[PDB]
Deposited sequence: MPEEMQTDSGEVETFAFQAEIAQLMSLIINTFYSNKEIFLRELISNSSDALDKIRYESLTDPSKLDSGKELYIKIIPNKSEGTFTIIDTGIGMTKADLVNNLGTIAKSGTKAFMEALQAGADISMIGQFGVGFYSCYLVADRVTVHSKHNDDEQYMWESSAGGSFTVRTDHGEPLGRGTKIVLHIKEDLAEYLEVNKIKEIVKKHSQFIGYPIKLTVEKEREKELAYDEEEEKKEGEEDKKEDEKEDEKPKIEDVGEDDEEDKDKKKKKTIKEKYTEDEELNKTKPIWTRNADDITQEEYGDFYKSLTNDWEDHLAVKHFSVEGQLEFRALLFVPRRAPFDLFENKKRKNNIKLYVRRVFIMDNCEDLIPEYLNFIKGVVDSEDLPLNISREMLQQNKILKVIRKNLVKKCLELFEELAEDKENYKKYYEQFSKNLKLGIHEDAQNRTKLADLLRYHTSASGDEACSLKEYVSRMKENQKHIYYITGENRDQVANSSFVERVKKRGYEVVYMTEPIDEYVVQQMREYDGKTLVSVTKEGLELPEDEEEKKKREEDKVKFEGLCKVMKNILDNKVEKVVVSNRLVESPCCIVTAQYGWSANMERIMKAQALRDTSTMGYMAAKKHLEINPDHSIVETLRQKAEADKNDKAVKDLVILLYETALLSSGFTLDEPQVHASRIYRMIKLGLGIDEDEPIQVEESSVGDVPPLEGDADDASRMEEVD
């Protein structure tokens, strides 16, 4: 009875190439991972410095700087973060499948309420996609400066620093590919930062310090690169629901969705228990234009994890009848993918679907009392409610209350079916409805002309989806629907 047991191994030589060319679709990944790492270092400084402001040595300010070099191709990434030590560069940055989060929580094992993103420890290797050679200038507030460099792809180098010191922070020096030199463009850096690291939580100054060349002499021409409040955007999303202002998160959503106007409704809440998360869920003021292009990339719900952008494929996060929601969920326990792009535990995905649709319908109920807003919401996204009515059976009744329709005395204002419930007559044992293209054509139709003689009211609901749904609601409010095809020319009696 031979028994052989072997530990799990890894063929690394294939593995770095696998990660670089298969884990991450775009070369844009070179920047988001390192910027999030700088954010984590800055939060580390904050947590270690509010306990002892003595560690706030030299420059008290915390920031991130991007310093490209068109002449050289060197991509210098200066930050004022925690820096690196020997142990850091060896284990947290220089080892695959290991991150500084594990060691940091192993040091602070009690009350370490820090939701930092540096958990995977493999996003650092995503730099190869733009840079052939990568270098790191890092200096702790306590440890000396050290140089981490790698270009071989199979071996990396570390040398002691003796020249220009940093004091506080890390200066990541890359070398953007000569063919990929478009990444050296300041505009390209700004755009990739906005799309990947928009809400980091610190001013990424982007302040390229000019390589001054003294002295016929030339005047100053590259006076300053754009240090706009786009990369350098400060954190204002950190406010809880108590001090959140409407216009601030309106501008936050404008930035997130590249929009110009605010959002028509806000919903911030913290669902706890087995699943804990905050959810900055809003609604677009206007419908997305992908109604015709149903196969368009639907990037409406931009889920975040620890203030880091993760999700764009909103199709699997929510049932398609609530895929028009634009907002951010900022969780702290959601199991992501290795590429930080899509959510894997699909039982948890279904749980999230149920909770989010419940919250969205509850908000719509809060949006119900104010008539104009809910009328606008009906005009913009009432169709998804119809589809959920048509095939999502569990929340049909909940959706049904949300439904608004036009009736006889209602004129041309869509009122609830519960308004019809509010005005049935005792003789009526089944609710009168009718389907058609227009209200008036069926209003004068003989189907309800026998009904019109008494001044009765009949539901007038008119769309092809309205024609198909009537099959699914067999009976509403405990009473069957009245139609010349549902019941014929039959006269019920008491």
Chain regions without C-alpha coordinates, deposited sequence numbering: 1-9, 225-266, 546-722
